[PDB]
Amino acid sequence: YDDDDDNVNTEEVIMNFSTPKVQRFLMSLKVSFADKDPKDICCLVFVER
RNA sequence: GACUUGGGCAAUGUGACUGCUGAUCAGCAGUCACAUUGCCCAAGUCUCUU
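Okay, so the first sequence: first residue is 346 according to the entry's author numbering, each after it adds one.
Below, the structure is given as structure tokens:
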């Protein structure tokens, strides 16, 4: 209820309802693919389960 | 003991694709008969001609 912009709400909860692992993961995403060519980027995410 | 991956054996189905039969419909072709009025040649009968 501090902010009502659903974009800002989603970003805030993704930033603060999440472990530092996911925070750093998404930060690597944003610093890697901020505004690059969508055709240029082609990446894999490997997880356990 | 969780976690992950892969494979195999099952059954219960679905989605379609062709093959055959029948029916329906659209789509083309080859004809044939035959009234009507015309045209050009062949041979006939007759007026006239003679």
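C-beta atoms are modelled at their ideal positions from N, C-alpha and C, and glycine is treated no differently.
Measuring only the C-alpha atoms, how far is residue i from residue j?
i	j	result
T355	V392	23 Å
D347	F362	14 Å
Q368	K375	11 Å
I386	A379	11 Å
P365	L371	10 Å
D382	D349	31 Å
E357	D351	9 Å
What residues in its chain sit with their C-beta under 7 Å from that of residue i, if we drop five residues either side in the sequence?
i	result
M360	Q368
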